[PDB]
Amino acid sequence: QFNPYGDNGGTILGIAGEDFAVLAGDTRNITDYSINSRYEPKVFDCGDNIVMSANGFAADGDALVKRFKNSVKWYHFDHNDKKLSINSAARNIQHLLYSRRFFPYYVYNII
Amino acid sequence: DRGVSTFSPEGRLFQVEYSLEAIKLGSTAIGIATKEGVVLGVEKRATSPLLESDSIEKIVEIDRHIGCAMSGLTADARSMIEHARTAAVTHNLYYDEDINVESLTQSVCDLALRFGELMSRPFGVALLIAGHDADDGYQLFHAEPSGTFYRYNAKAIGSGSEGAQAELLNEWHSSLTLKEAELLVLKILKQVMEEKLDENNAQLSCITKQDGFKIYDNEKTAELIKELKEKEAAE
Amino acid sequence: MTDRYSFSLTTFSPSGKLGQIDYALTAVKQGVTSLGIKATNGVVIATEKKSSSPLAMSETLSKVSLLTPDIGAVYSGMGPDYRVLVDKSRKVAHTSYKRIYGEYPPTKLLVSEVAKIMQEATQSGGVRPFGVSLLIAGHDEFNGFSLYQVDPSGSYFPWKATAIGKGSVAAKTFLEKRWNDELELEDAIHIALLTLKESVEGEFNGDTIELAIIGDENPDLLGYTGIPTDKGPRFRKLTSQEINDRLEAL
Amino acid sequence: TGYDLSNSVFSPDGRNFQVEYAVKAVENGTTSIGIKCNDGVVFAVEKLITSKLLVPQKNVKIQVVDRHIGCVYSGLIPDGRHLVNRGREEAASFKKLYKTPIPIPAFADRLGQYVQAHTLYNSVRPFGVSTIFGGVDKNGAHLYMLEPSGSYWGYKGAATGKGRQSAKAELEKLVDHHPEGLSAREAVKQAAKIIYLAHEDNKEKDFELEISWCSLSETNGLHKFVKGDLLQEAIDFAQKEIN
Amino acid sequence: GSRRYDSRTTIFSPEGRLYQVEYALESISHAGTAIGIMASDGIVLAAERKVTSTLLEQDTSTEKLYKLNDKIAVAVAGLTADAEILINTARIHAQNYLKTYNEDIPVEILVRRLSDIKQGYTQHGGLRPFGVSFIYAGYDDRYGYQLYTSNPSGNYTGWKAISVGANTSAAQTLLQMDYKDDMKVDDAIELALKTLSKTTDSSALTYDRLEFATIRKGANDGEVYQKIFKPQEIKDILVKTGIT
Amino acid sequence: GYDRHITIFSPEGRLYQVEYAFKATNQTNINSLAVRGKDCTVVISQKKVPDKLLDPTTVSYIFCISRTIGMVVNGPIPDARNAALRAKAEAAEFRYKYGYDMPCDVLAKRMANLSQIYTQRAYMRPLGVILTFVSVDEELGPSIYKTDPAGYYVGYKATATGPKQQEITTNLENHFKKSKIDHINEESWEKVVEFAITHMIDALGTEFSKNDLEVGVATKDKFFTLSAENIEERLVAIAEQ
Amino acid sequence: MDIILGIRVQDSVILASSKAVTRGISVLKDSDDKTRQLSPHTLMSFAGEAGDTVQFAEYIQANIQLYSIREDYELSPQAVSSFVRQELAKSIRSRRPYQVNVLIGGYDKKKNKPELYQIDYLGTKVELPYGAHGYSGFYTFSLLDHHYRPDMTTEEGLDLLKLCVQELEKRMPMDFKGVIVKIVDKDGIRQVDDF
Amino acid sequence: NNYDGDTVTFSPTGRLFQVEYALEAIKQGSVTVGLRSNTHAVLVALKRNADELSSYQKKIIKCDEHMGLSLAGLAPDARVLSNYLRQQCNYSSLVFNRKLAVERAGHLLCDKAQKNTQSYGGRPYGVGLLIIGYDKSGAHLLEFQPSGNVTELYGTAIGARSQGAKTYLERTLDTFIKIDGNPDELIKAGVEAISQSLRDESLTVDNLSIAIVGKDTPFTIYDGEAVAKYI
Amino acid sequence: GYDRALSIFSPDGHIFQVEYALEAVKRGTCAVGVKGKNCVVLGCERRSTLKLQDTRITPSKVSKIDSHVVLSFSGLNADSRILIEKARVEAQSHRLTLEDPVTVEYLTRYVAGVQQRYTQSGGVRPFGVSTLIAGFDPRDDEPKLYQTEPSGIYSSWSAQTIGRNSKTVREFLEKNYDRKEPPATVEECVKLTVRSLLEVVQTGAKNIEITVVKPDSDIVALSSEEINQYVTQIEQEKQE
Ligand SMILES: [Cl-]
């Protein structure tokens with residue numbers, strides 16, 4: 001039987017400072033006991049001073065990030081180049097994830 | 001007969017141009033934007049004295065920070081208002097924030113040209129959309145059935161529009177207060193209305209950052225009418 | 001593309017007339033004469049094989065058509081309209097009856113189905129009425145022999161005997177004088193040939209006349225033996241020779 | 001009267017006036033031609049330089065279908081593009097199912113049936129283009145021309161647009177003087193000449209020459225644009241003949 | 001495109017009338033007269049066949065009176081083919097109701113349903129309306145005996161006595177004159193035939209030019225019987241009432 | 001007067017669009033003829049290539065619908081090819097569904113039914129063509145069945161179509177009045193083609209070269225068209241007697 | 001839900017329905033009314049899968065109320081029961097059937113007779129003098145078979161019903177938290193507040 | 001006359017009047033100028049107001065980081081067509097990781113507009129567009145007409161009185177094409193070009209709208225005090 | 001499907017189909033609505049051209065939408081049934097989803113919305129019907145009376161009339177109805193409603209229908225004799 005999910009490993013870490021924030025992640029990509037890449041970027045600058053990482057199943061993670069980056073682009077078009085606040089991005093990402101409530105993006109996401 | 005989406009030899013859509021004529025027959029609605037708020041006022045125009053005038057709802061809330069006045073075939077406005085309210089609250093759902101007045105207006109105007117042979121004809125009503133957001137501040141928009149919307153410092157629509165607009169041309173300046181704008185709407189409404197203006201046949205409203213969108217009581221408007229009469233008699 | 005004619009092409013005029021139905025009836029009037037006569041032990045339907053060219057093989061063009069083993073049809077008016085109605089009538093006899101009840105429909109109900117199809121062409125969007133009047137002869141166990149006329153409007157009437165098309169007015173008068181309730185099938189065939197001769201100009205023989213009967217069961221035309229209850233079709237088309245034999249005793 | 005107001009209506013003549021009015025739009029367009037040669041085909045078109053502001057060699061009119069078919073047309077340019085887009089869908093589905101690239105006669109009928117379909121209903125307008133097209137297949141070279149009615153035939157030489165009569169006359173001479181045939185490189189030269197000679201009907205504005213060709217020997221049976229030295233050589237030959 | 005040829009069957013006139021409905025009513029006014037009379041102990045349905053022929057097979061013929069179910073019947077005035085479309089729909093509706101509630105359909109509910117179908121053709125779809133007027137004769141245990149009429153507009157009304165088709169103006173005046181509330185079926189039968197005999201465009205009213213039916217509680221004990229009269233039975237009642 | 005634009009009845013009970021489709025049939029100014037032999041069915045048609053720029057091999061109004069069925073068309077080529085493609089699709093579908101080759105008369109009926117629909121449905125126009133189907137049917141033998149824009153069709157002993165159809169029709173009528181048989185009593189199809197050409201020459205009063213004619217021949221289990229050289233051989237034999 | 005009982009006496013129909021509602025291992029409510037008034041003289045009790053019961057009952061209620069307004073007339077208990085049966089028979093072959101069993105107690109004003117109909121989720125209808133759903137009948141039908149007469153008064157019907165509930169309370173493992181009892185007669189529907 | 005009731009009807013001379021009437025709407029619209037060099041491409045647009053209380057209708061729309069257009073005619077139709085371009089530019093990026101070629105963007109607009117000119121019920125677009133962009137083959141300028149005709153040009157202008165600006169660019173052709181690596185001078189040439197189409201009114205701070213795209217310059221729009229530099 | 005735009009703007013900015021729908025209302029029988037202090041009364045004309053009518057079974061002019069709301073109309077009778085059915089379905093749909101009966105204002109807004117939808121939808125014509133919708137909101141003793149019309153506009157009225165000769169009865173109501181002191185009792189409210197119809201009706205026999213709606217779902221229709229007593233008392237006072 002076809003299993004649409006996989007596990008690409010990795011780990012991510014976000015810490016909020018008083019006037020700054022960090023989002024870290026290892027660059028290793030794996031399947032089972034093999035290494036795919038020793039350097040495969042996992043944390044992305046999505047624009048509007050927002051960084052994002054979707055960790056777990058890389059295919060779903062890349063798709064989510066790609067979709068949110070696209071959501072940012074269309075937010076500018078539709079709302080006169082207004083800056084997408086972090087709280088507004090978070091709520092937007094909730095709806096991106098729940099759109100697949102019955103076939104989930106297999107990722108733990110942090111912005 | 002002829003297509004509904006047909007161009008005239010002058011390069012205009014017949015139906016859109018004809019809907020504009022219907023809006024000219026509608027009751028007067030005026031909007032004035034200031035740095036203290038935007039005022040919206042309308043002529044109710046009851047067809048009979050037995051008609052309970054307070055049920056005439058030509059000024060309408062879209063969101064806490066956006067209001068709307070209408071003129072023309074007012075029945076057509078109900079679906080536009082419903083769409084506006086839905087768009088405003090849906091954006092709040094998706095983005096956890098208030099929606100920009102311009103973006104709301106653009107969403108309403110996207111419905112306009114969705115007609116053909118979708119709805120069978122354009123809307124026969126014009127809207128004055130007034131509101132406030134953090135980016136562009138206090139704003140007043142005029143949404144037409146053509147799909148076009150202009151921002152205005154002050155605007156009049158309806159039967160006494162060109163006469164009122166000429167009056168708004170002279171009276172409006174960038175340092176107007178909210179109280180001054182209120183009296184100015186009442187003044188111009190009283191000028192273009194057929195019947196004598198009072199608290200029962202004319203309605204005021206405003207939108208401020210603090211209190212949001214508010215329709216004025218008949219008792220509150222009555223005092224502003226009395227305040228107007230005295231200041232006109234003062235010189 | 002898409003069929004954008006979703007509106008009726010037949011409508012009431014100020015006088016209450018349905019123009020397209022009337023005009024369809026006018027097309028039927030121009031058509032070649034056909035007739036039907038009901039006897040005590042059978043029904044006969046007949047018409048002229050108006051050949052468009054002598055090079056044309058008129059045998060290949062069948063104006064009298066089998067609808068069921070016990071029901072036959074003939075027309076006056078537009079031939080192509082008739083042909084497609086026969087195709088639909090044959091099919092509806094199976095889909096809306098035989099596949100449900102395991103037997104062929106009675107004459108009146110098959111007529112009712114044909115009538116419905118013709119009515120729908122009078123009201124549905126983007127179509128004209130059928131330009132034919134049908135004469136449907138048939139037999140069934142509980143109603144016996146019957147003859148029905150069906151017009152472009154979808155209206156149908158049962159007849160003892162009648163005629164439609166070119167010389168129908170004269171032909172109906174001729175039938176009124178000759179018809180009675182004690183006619184045998186052979187007498188009805190004889191009267192049919194007499195009536196039809198009046199409307200025909202040129203040659204009058206088995207090769208220019210098409211004639212069929214609804215009568216006794218034909219076990220020789222069944223195609224198989226072994227089932228007692230299956231006794232064969234009552235519809236039979238008369239041959240060219242069989243017609244000519246009856247023209248000598250005319 | 002009123003028979004010409006709606007497409008797919010037969011006049012009492014038995015004519016479809018809307019299709020005939022579409023031909024008028026074709027006759028109004030710029031001149032385009034096609035020449036069948038020994039082992040292939042050559043296409044050429046007149047591009048009117050409306051203004052100096054037009055970027056030279058950028059507004060390409062000739063279109064490729066698949067990799068072995070060339071299409072050129074005169075009349076309403078968008079209508080031609082719509083027809084080529086369909087042609088590309090037809091060629092793709094043919095190759096998808098049957099593996100081999102679409103033969104030219106097969107391709108010709110695909111366009112023909114599609115154009116003819118737009119004469120069957122009043123809900124659509126006929127095509128405002130005549131299309132000259134062709135290429136090389138397993139059976140050799142083929143040239144076709146397709147009218148607004150859906151009518152098409154095979155051709156030795158073809159021409160359409162405002163300067164079609166002038167072009168046709170020139171094509172007829174080549175057919176008479178070369179019964180054994182014409183080479184691909186010759187056809188390119190002759191194509192240039194004919195467009196230049198046909199330009200006398202559009203002599204107000206100056207023009208830009210555009211040529212393409214499919215040849216078994218010269219292009220391996222693939223459609224290619226005539227560029228650089230070979231184009232200039234054809235322009236020089238054409239300019240020499242008018243003087 | 002196609003718009004050119006659209007007659008626009010569902011529009012108002014400047015006066016606020018529906019063109020096609022009015023023209024359909026004009027069609028119906030040329031149809032054979034149908035009369036319905038309601039009595040205390042039953043209902044009568046009488047109708048005139050249009051200029052018949054001697055060669056028409058009458059005993060197997062049905063153009064005016066149709067059975068919807070055991071309790072309800074209709075008289076038709078207009079296009080017979082149109083009427084049969086509606087009749088078959090009404091027959092189905094009655095059976096749907098019986099299957100759902102395990103009770104025979106109340107007369108009005110059936111009438112409203114058919115009238116709603118007619119209404120739809122006047123408001124949407126762009127099709128011509130049904131050129132039919134019905135007289136509904138029926139019985140149920142709520143209102144007892146009931147007469148209704150519907151027309152192409154989809155409007156229906158209840159009646160003690162009513163006519164549709166040709167000469168309704170003359171026929172209604174005659175019914176209004178001789179009708180009384182305490183009237184019985186045998187009297188109503190006589191009134192119906194007498195009214196047709198005076199309003200008819202034919203020279204004389206005969207059995208072969210009539211269809212006749214009664215709905216009686218004249219069935220053995222508390223139940224209702226429908227009687228579609230045969231040609232010989234119409235001939236007998238014509239002699240009995242003293243018309244022929 | 002919109003009753004003349006679409007296929008609805010006029011007050012006279014006529015369909016003017018159908019009548020005008022018949023007139024479009026003669027727009028090509030080509031005459032066709034069909035006759036039956038003992039073992040074959042022959043169809044001939046005039047071929048006119050007015051433009052010297054045309055490739056004469058592609059100019060044709062005869063179509064190979066199936067292996068057994070051939071079709072000649074009288075009318076404009078776009079409608080002709082429309083009908084040809086549909087007939088090919090129908091002939092192939094028939095064989096797939098019912099397990100045997102579609103008969104000539106059955107295909108004619110099918111195409112005639114499609115044509116009838118265009119006379120009844122408003123959104124579809126009639127095709128301005130007359131279709132003549134020919135074959136050697138496995139049950140009926142040599143067969144000629146002809147369809148027109150009215151949706152009418154019938155079998156023929158022989159037939160002719162075009163502007164000068166009457167002259168050809170009468171010529172054929174007169175021959176069959178003498179011989180008193182429903183076909184050309186001849187063994188080889190070659191001589192049946194010679195008969196067809198000879199009688200078209202006599203009827204029209206024109207001589208033909210190899211490029212002026214177009215010939216289709218139906219035999220048992222195949223229909224085929226003749227080349228220019230095959231026709232030349234036919235014309236030589238005619239001239240030598 | 002758990003237990004619903006019904007009994008038809010001389011001049012009325014009495015419906016008794018348990019008050020318990022359980023999610024997981026916790027009894028969330030002990031005063032739940034498992035019934036809906038379909039019309040002034042027709043009451044329907046219900047029991048089955050969580051959520052489906054109320055949704056179905058309210059859907060039936062809406063349809064009958066719609067009928068009442070349209071015709072200005074109350075449908076007979078028999079007519080209502082047939083409508084309900086058809087909806088359940090329609091439901092059982094759906095993608096996701098409504099898992100609901102019902103009792104319909106009504107007083108027919110035309111015939112002046114009480115009527116009790118038992119319908120299960122498959123659409124299985126039966127008219128009965130007394131009825132139950134699920135396991136309720138296993139404990140109670142022996143008592144009803146013994147004590148029931150058709151000429152019983154409403155008070156005698158309640159006493160026999162008390163005996164049935166007492167037997168259930170003794171021999172059932174589940175605590176159903178007593179019952180709400182309602183009486184349907186010529187004057188309409190009323191609830192017995194002390195039971 | 002009798003042949004202008006819908007887009008599906010040719011006139012006897014082979015004309016499509018509804019398309020020509022749609023073309024007329026562009027001539028009524030306010031003037032906009034487009035021009036390019038080898039490094040940059042520039043749009044200049046004269047915005048129009050309803051009255052003194054009203055704002056000036058926006059003329060320029062961004063489609064991608066490397067592409068955008070200016071409009072003249074029915075503004076809502078420009079919004080539809082620009083939205084379509086935004087989607088097509090975006091489809092190319094998401095699927096092929098490829099910036100959409102300006103020439104291909106023109107081909108897509110042509111085909112979209114064409115479908116509206118051949119079918120019954122619909123209508124032609126009532127707007128003209130000037131598309132600028134910088135892709136792998138350098139700077140580009142396109143002119144879109146709602147007939148479907150799209151044309152690649154060095155420079156052009158559309159709208160009311162556009163012939164004056166078009167003549168100027170036709171003279172200046174050899175000069176402004178050579179303005180490489182100098183955005184301000186290329187804009188100056190565009191502002192000077194659009195000035196040839198002005199009568200009575202002149203270029204004010206809230207009247208003028210400018211956009212630019214180039215080699216190392218994303219598509220950016222300049223309005224308000226940002227264009228006071230060029231007045 | 002049939003998509004034809006039947007309701008369209010004309011050069012002068014009018015939708016003729018909607019205006020011609022008002023002409024159908026003008027043709028319809030007169031309907032009147034009067035609200036008292038603690039009640040609303042709906043009066044309706046019955047044209048006496050139709051006798052031999054069965055008044056038991058003939059569709060009544062006033063229709064209950066719910067137990068607390070009623071609807072009368074003027075115009076095409078067949079059209080009114082479609083609005084009434086839709087209104088009744090929405091009333092039950094509201095109770096089912098929100099657990100409260102509709103307010104009179106909500107029900108009016110829905111019916112008005114349906115009428116509006118039929119003025120800008122393809123293939124349909126406007127309803128040739130104007131309605132008077134009256135009742136009392138749940139747990140409220142303030143009377144409610146609304147009017148709708150084909151265009152889809154609606155509004156609240158102290159007293160209103162629609163249909164043929166509505167101009168005359170409105171004239172009567174405008175001078176007779178005092179807002180400061182409305183009909184205090186049921187009698188006064190009915191009397192004023194009958195008086196208003198007597199300006200137009202002709203005979204006061206079976207031509208007048210009256211329906212009184214009181215708070216808490218208390219709706220009753222007056223009989224012929226009850227109405228006839230009002231007709232008698234009015235004219236006897238008039239003879240002076
Ligand atoms: Cl078929």
# chains A, B, ... in the order shown; residues from 1 in each chain; ligands from 1
$ interface_residues --of "chain D" --to "chain E" --cutoff "9 Å" --atoms "only C-alpha atoms" --output "list in words"
residues 6, 7, 121, 122, 123 and 124 of chain D
$ select_by_dssp --residues "chain A" --states "helix (DSSP H, G or I)" --output "number ranges by chain"
A: 58-78, 86-98
$ residues_near_ligand --ligand "ligand 1" --cutoff "7 Å" --atoms "only C-alpha atoms and all ligand atoms" --output "PyMOL selection string"
chain F and resi 110+113-114
$ write_last_selection --atoms "C-alpha atoms" --output "PDB file, in the first residue's frame"
ATOM      1  CA  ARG F 110     -28.371   7.189 -39.637  1.00  0.00           C
ATOM      2  CA  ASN F 113     -31.765  10.949 -39.034  1.00  0.00           C
ATOM      3  CA  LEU F 114     -28.976  13.349 -38.039  1.00  0.00           C
TER       4      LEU F 114
END
$ residues_around --residues "residue 49 (chain D)" --least-positions-apart "4" --cutoff "7 Å" --atoms "only C-alpha atoms" --output "PyMOL selection string"
chain D and resi 54+205-208
$ residues_around --residues "residue 183 (chain D)" --least-positions-apart "5" --cutoff "9 Å" --atoms "only C-alpha atoms" --output "list in words"
residues 37, 38, 39, 40 and 188 of chain D
$ write_last_selection --atoms "C-alpha atoms" --output "JSON list (two decimals), in the first residue's frame"
[["chain", "number", "residue", "atom", "x", "y", "z"],
["D", 37, "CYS", "CA", 9.42, 23.05, -53.06],
["D", 38, "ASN", "CA", 11.20, 19.76, -53.93],
["D", 39, "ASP", "CA", 11.52, 18.36, -50.40],
["D", 40, "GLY", "CA", 9.60, 20.87, -48.26],
["D", 188, "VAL", "CA", 13.20, 31.18, -50.06]]
$ interface_residues --of "chain A" --to "chain H" --cutoff "12 Å" --atoms "only C-alpha atoms" --output "ChimeraX atom specification"
/A:62-63,65-67,69-71,73-74,76-78,80-81
$ residues_around --residues "residue 81 (chain I)" --least-positions-apart "5" --cutoff "10 Å" --atoms "only C-alpha atoms" --output "number ranges by chain"
E: 112, 115-116, 119, 154-155; I: 59, 63, 76, 86-87
$ write_last_selection --atoms "C-alpha atoms" --output "compact mmCIF listing (two decimals), in the first residue's frame"
# COMPACT_ATOMS: atom_id res chain seq x y z
CA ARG E 112 -52.83 23.66 -5.42
CA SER E 115 -51.95 25.18 -10.12
CA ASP E 116 -48.39 25.79 -8.84
CA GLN E 119 -47.84 29.22 -12.29
CA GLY E 154 -52.14 29.05 -12.07
CA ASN E 155 -54.91 30.75 -10.10
CA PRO I 59 -58.14 30.39 -0.79
CA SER I 63 -52.38 33.65 5.21
CA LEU I 76 -51.44 38.06 -8.91
CA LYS I 86 -41.10 30.29 0.79
CA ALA I 87 -41.95 32.46 3.81
$ residues_around --residues "residue 47 (chain H)" --least-positions-apart "2" --cutoff "12 Å" --atoms "only C-alpha atoms" --output "MDAnalysis selection string"
chainID H and resid 29:33 44:45 49:50 54:60 70:73 75 159:160 194 198 201:210 223:224
$ closest_residue --among "E:27, E:95, E:9, E:203" --to "chain C" --atoms "only C-alpha atoms"
E:27
$ interface_residues --of "chain B" --to "chain H" --cutoff "7 Å" --atoms "only C-alpha atoms" --output "VMD selection string"
chain B and resid 2 to 3 5 to 12 116 to 117 147 to 148 150 to 154
$ residues_around --residues "residue 53 (chain A)" --least-positions-apart "3" --cutoff "10 Å" --atoms "only C-alpha atoms" --output "short mmCIF file (atom, residue, chain, number, x, y, z; two decimals) with C-alpha atoms, in the first residue's frame"
data_model
loop_
_atom_site.label_atom_id
_atom_site.label_comp_id
_atom_site.auth_asym_id
_atom_site.auth_seq_id
_atom_site.Cartn_x
_atom_site.Cartn_y
_atom_site.Cartn_z
CA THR A 11 14.83 19.76 14.52
CA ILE A 12 13.92 23.44 14.85
CA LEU A 13 14.08 25.99 17.65
CA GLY A 14 12.49 29.41 18.12
CA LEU A 23 14.54 30.71 14.48
CA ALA A 24 17.12 27.95 14.21
CA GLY A 25 17.21 24.55 12.56
CA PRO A 41 17.98 24.77 4.26
CA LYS A 42 14.91 24.41 6.46
CA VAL A 43 14.32 27.92 7.85
CA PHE A 44 13.22 30.59 5.36
CA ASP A 45 12.88 34.36 5.16
CA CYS A 46 9.28 34.75 3.96
CA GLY A 56 8.68 16.88 9.71
CA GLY A 61 6.86 21.56 4.72
CA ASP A 62 8.11 22.96 1.41
CA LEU A 64 3.30 25.05 3.20
CA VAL A 65 6.16 27.56 3.11
CA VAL A 107 4.72 19.27 9.86
CA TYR A 108 5.44 21.14 13.06
CA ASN A 109 5.53 24.76 12.05
CA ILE A 110 7.14 27.74 13.78
CA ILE A 111 7.35 31.38 12.75
#
$ interface_residues --of "chain C" --to "chain H" --cutoff "12 Å" --atoms "only C-alpha atoms" --output "PyMOL selection string"
chain C and resi 1-2+4
$ interface_residues --of "chain D" --to "chain F" --cutoff "7 Å" --atoms "only C-alpha atoms" --output "compact mmCIF listing (two decimals) with N, CA, C and O atoms, in the first residue's frame"
# COMPACT_ATOMS: atom_id res chain seq x y z
N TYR D 3 -30.79 38.09 -43.70
CA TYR D 3 -30.07 36.82 -43.76
C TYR D 3 -28.59 36.94 -43.40
O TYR D 3 -27.96 35.96 -43.02
N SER D 8 -24.57 31.18 -39.71
CA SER D 8 -25.18 29.86 -39.93
C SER D 8 -26.56 29.92 -40.60
O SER D 8 -27.24 28.90 -40.71
N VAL D 9 -26.97 31.11 -41.04
CA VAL D 9 -28.23 31.28 -41.75
C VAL D 9 -27.97 31.23 -43.26
O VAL D 9 -27.15 31.99 -43.78
N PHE D 10 -28.65 30.32 -43.95
CA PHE D 10 -28.60 30.26 -45.41
C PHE D 10 -29.45 31.38 -45.99
O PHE D 10 -30.61 31.54 -45.62
N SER D 11 -28.86 32.14 -46.91
CA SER D 11 -29.62 33.10 -47.69
C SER D 11 -30.40 32.33 -48.76
O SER D 11 -30.14 31.15 -48.98
N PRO D 12 -31.35 33.00 -49.44
CA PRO D 12 -32.06 32.32 -50.53
C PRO D 12 -31.14 31.81 -51.66
O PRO D 12 -31.54 30.91 -52.40
N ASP D 13 -29.94 32.37 -51.77
CA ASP D 13 -28.91 31.87 -52.69
C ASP D 13 -28.37 30.50 -52.27
O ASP D 13 -27.94 29.71 -53.11
N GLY D 14 -28.38 30.25 -50.96
CA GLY D 14 -27.68 29.10 -50.37
C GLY D 14 -26.31 29.52 -49.85
O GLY D 14 -25.41 28.69 -49.75
N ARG D 15 -26.17 30.80 -49.52
CA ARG D 15 -24.90 31.37 -49.07
C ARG D 15 -24.97 31.74 -47.60
O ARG D 15 -26.04 32.04 -47.06
N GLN D 113 -12.17 21.13 -39.77
CA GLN D 113 -13.38 20.76 -39.03
C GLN D 113 -13.70 21.78 -37.93
O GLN D 113 -14.87 22.07 -37.66
N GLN D 116 -14.89 24.99 -39.70
CA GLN D 116 -16.22 24.68 -40.22
C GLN D 116 -17.27 24.67 -39.11
O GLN D 116 -18.41 25.07 -39.33
N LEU D 120 -21.63 26.76 -38.03
CA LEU D 120 -22.82 25.94 -37.76
C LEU D 120 -23.82 26.59 -36.79
O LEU D 120 -24.97 26.15 -36.70
N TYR D 121 -23.38 27.60 -36.04
CA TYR D 121 -24.20 28.20 -34.99
C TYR D 121 -24.19 29.72 -35.05
O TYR D 121 -23.22 30.32 -35.53
N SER D 149 -14.66 29.70 -44.29
CA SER D 149 -15.74 28.71 -44.44
C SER D 149 -15.36 27.33 -43.90
O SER D 149 -16.24 26.49 -43.66
N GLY D 150 -14.06 27.10 -43.72
CA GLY D 150 -13.54 25.78 -43.36
C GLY D 150 -12.98 25.07 -44.58
O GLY D 150 -12.38 24.00 -44.45
N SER D 151 -13.18 25.66 -45.76
CA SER D 151 -12.69 25.09 -47.01
C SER D 151 -11.17 25.15 -47.07
O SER D 151 -10.57 26.18 -46.76
N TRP D 153 -7.66 23.27 -49.49
CA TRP D 153 -7.12 22.37 -50.50
C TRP D 153 -5.61 22.30 -50.38
O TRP D 153 -5.00 23.12 -49.70
N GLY D 154 -5.01 21.31 -51.04
CA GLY D 154 -3.56 21.26 -51.20
C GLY D 154 -3.14 22.23 -52.29
O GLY D 154 -3.88 22.45 -53.25
N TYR D 155 -1.94 22.80 -52.15
CA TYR D 155 -1.45 23.80 -53.11
C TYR D 155 -0.01 23.56 -53.53
O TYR D 155 0.79 23.00 -52.78
N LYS D 156 0.31 23.99 -54.75
CA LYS D 156 1.69 24.10 -55.22
C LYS D 156 2.25 25.42 -54.71
O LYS D 156 3.39 25.50 -54.25
N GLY D 157 1.43 26.46 -54.81
CA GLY D 157 1.72 27.77 -54.23
C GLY D 157 0.44 28.39 -53.72
O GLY D 157 -0.64 28.14 -54.27
N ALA D 158 0.54 29.18 -52.66
CA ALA D 158 -0.64 29.78 -52.04
C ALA D 158 -0.38 31.22 -51.63
O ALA D 158 0.75 31.59 -51.31
N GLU D 172 2.03 31.53 -60.21
CA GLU D 172 1.66 30.82 -61.44
C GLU D 172 2.81 30.73 -62.45
O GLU D 172 2.93 29.74 -63.18
$ select_by_dssp --residues "region 107-211 of chain I" --states "strand (DSSP E or B)" --output "list in words"
residues 124, 129, 130, 131, 132, 133, 134, 135, 144, 145, 146, 147, 148, 154, 155, 156, 157, 159, 160, 161, 162, 208, 209, 210 and 211 of chain I
